[PDB]
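> Whatever this is, show me its structure:
(3 chains)
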Amino acid sequence: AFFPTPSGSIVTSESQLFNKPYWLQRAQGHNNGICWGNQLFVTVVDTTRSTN
Amino acid sequence: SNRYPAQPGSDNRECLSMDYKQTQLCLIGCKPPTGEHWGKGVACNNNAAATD
Amino acid sequence: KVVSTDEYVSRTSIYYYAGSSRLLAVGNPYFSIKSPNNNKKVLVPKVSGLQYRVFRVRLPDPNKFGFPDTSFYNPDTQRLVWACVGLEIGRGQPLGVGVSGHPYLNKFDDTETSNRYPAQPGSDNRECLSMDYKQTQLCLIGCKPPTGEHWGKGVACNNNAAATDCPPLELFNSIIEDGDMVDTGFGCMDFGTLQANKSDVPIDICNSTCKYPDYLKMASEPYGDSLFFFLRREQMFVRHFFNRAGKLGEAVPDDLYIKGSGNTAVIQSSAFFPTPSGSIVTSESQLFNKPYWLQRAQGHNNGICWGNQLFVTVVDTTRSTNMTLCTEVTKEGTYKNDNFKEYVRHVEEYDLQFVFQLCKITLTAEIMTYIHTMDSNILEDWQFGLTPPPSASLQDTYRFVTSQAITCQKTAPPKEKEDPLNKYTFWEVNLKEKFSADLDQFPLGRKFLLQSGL
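Numbering: from 1, shown residues only, chains lettered A, B, ... in the order given. Coordinates below:
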């Protein structure tokens, strides 16, 4: 009954996702940027900035 | 290195630590986005004593 | 003089999405547990992250459609056949790599830092160990099931010479059945029959035949209808160094080394083996969740699906987590070790999308010879070359059947048995009931219609 331990590797600044804009040209669904109910949901997950 | 015999004891828990997996993702929607996992779903009416 | 498949067909301009349901696969990663009373009833199957998950779709007959616009499908001379023009294989589990482990592996010594003379004797030194695997990804698509070889046993020779007892060697070409294990970094051979002590590879290989897809013969097939399109990417590198334990049957010559004595009176083994280990697995170098457009296949059969079925095979080793469950039998206020029983499980999912295009095939007399010599079964199903069976009237009737005017009449001919594929196990996925035409209600045609320039 084994279990391994995951560790991951170095974290750079070239391989980041944040602090830079995006432009929604054409979304993947059908409602291309329209939001109803006057709200929308953003969720982010970050591990690289989790110093304890 | 792991040789015979085993090193027996009624408890062998340790005080360890480990790192995690590096991960980043972003997500936009006009609805709370869904997610999944494996949960304990109940059996059929009888297994007739097959396996715990 | 095989001609290509774009001279005797004629592409139409009408497109058809299809789409599978979400498939799952739950079982044990190590061994297929059987019944305590039965040897043919499985309880939990052996599914792992190291197998050739081979899909076999089944397309519906295009001639079993009824169109109102009967101006293009002229059934005097022409017939219909699909073509593949796209594909997408998705996954839905996180990126995670799994380990396998033998409990009696032949790790005799350690041969990278210190193997200090003399020997430590003892007539058993096997033990429990575990390691990572050669990580890989590939996919093949074709109208015939893929071919793959493996090294194996054979008749050695005749019985004149008596030089040294050594096993013979011969590779074997066969068909890649599902459930078989990929090569994993210990050579593309049988391990059941060519090894004996079953204690050199981990437990998921020790009764298996690690085949490998013949990229060379399947490329050089004369019709070219086993490989539409193929991708691959893999890496591995060594982790440690060990060595086996036994009488090395082939002697090491005294020429190559200075003879020694004292503490060095008994020469050691020269039978090493390394251990593979896949490095970091990213999500940048993935090979799934991306479309693939076949603008021109590599073979002659330019995407056209004879036989109304495809064979898609795919294997991944990056998504090979092992869920470990832990349960108890009693409730005790202190920690114990005899109070718990634990279990290993592995889950697996897939998804297929397709986009097909049907094209009509004219049938001259010149053409119907050419299709006849490729395979005769394809002309049988369209029912174009047939004969009248003879024998106008029989007399095989009686009003009473269970009597004494009887010859003990027998029936049930085995006539519907024609496919030679039932000796092999495929994963069947049904596509006969899920075609559609309005692309835009589906998660791929919107990624397709921008590609067409419309």
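> Touching, residue A:33 and residue A:22? I think so.
No. Using Cβ atoms under 8 Å, residue A:33 is not in contact with residue A:22, being 11.9 Å away. The C-beta positions use only the backbone N, C-alpha and C, and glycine is treated the same way.
> Those two: which is more packed in?
residue A:33 (12 against 8; other Cβ atoms under 10 Å in any protein chain shown).
> Assign that one to helix, strand or coil.
coil (DSSP: H, G, I helix; E, B strand; the rest coil).
> so which helix or strand takes in the residue nearest to it when sequence neighbours are not counted?
Nearest in space to residue A:33, with sequence neighbours left out and distances taken as Cβ to Cβ, 6 or more residues apart in numbering or on different chains, is residue A:24 at 5.3 Å. Per DSSP states H and E, residue A:24 falls between elements, in no helix or strand.
> Number of residues surrounding residue A:24?
8.
> so where do the strands sit in chain A?
A:41-46 (DSSP state E).
> Up against chain C, what does it have?
Within chain A, the positions lying close to chain C (Cβ under 8 Å from any Cβ of the partner chain) are A:1-4, A:6, A:8-9, A:28, A:30.
> Dump those residues to CSV, plus distance to residue B:45 and neighbour count.
Conversion of those to CSV gives the following (distance: Cβ to Cβ, whole Å; neighbours: other Cβ atoms under 10 Å in any protein chain shown):
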residue, distance to residue B:45, neighbour count
A:1, 30, 10
A:2, 35, 12
A:3, 34, 10
A:4, 38, 13
A:6, 40, 13
A:8, 45, 13
A:9, 49, 10
A:28, 44, 8
A:30, 44, 9
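> Intersect these with the contacts of chain B.
For chain B, the contacts drawn from these by Cβ under 8 Å from any Cβ are A:6, A:8-9.
> now, which of those sits nearest chain B?
For those, the minimum distance to chain B (Cβ to the nearest Cβ) is 4.3 Å, reached by residue A:8.
> any idea how far the nearest residue to that closest one once chain neighbours are set aside is from residue C:316?
Distances taken as Cβ to Cβ, 6+ apart place residue B:22 nearest to residue A:8, at 4.3 Å, with adjacent residues excluded. Distance, residue B:22 to residue C:316, by Cβ to Cβ, to the nearest Å: 20 Å.
> before we move on, what about residue A:27?
Computed as Cβ to Cβ, the residue A:27 to residue C:316 distance reads 29 Å.
> what residue is smack in the middle of chain A?
Central residue of chain A (Cα atoms, centre = their mean): residue A:44, 4.8 Å from the mean position.
> Enumerate every residue touching the closest residue to that one other than its chain neighbours.
Leaving aside its chain neighbours, residue A:44 sits nearest to residue B:26 (5.3 Å; criterion: Cβ to Cβ, 6+ apart). Residues in contact with residue B:26 (Cβ atoms under 8 Å, 6 or more residues apart in numbering or on different chains) are A:17, A:42-44.
> one step back: you'd agree the residue nearest to the centre of chain A is up against residue B:23?
No. The criterion here is Cβ under 8 Å, and residue A:44 misses it with residue B:23 at 10.7 Å.
> what is in contact with those two at once?
By Cβ under 8 Å, 6+ apart, no residue touches both residue A:44 and residue B:23.
> Check the gap between the spatially closest residue to residue A:40 that is not a sequence neighbour and chain C for me.
Leaving aside its chain neighbours, residue A:40 sits nearest to residue B:30 (5.1 Å; criterion: Cβ to Cβ, 6+ apart). Look at residue B:30 and chain C: by Cβ to the nearest Cβ, to the nearest Å, they are 18 Å apart.
> Run through the residues that contact residue B:30.
Residue B:30 touches A:31, A:34-37, A:39-41, counting by Cβ under 8 Å, 6+ apart.
> would you turn those residues into JSON lines with neighbour count?
What follows is the contacts of residue B:30, written out as JSON lines (neighbours: other Cβ atoms under 10 Å in any protein chain shown):
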{"residue": "A:31", "neighbour count": "10"}
{"residue": "A:34", "neighbour count": "9"}
{"residue": "A:35", "neighbour count": "13"}
{"residue": "A:36", "neighbour count": "9"}
{"residue": "A:37", "neighbour count": "7"}
{"residue": "A:39", "neighbour count": "8"}
{"residue": "A:40", "neighbour count": "12"}
{"residue": "A:41", "neighbour count": "12"}
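> May I see the buried residues of stretch A:45-52?
Buried residues in stretch A:45-52, counted by 16 or more other Cβ atoms under 10 Å in any protein chain shown: residue A:48.
> next one: that stretch to chain centre, how far?
Relative to its parent chain, stretch A:45-52 has a centroid offset of 13 Å by Cα atoms, centre = their mean, to the nearest Å.
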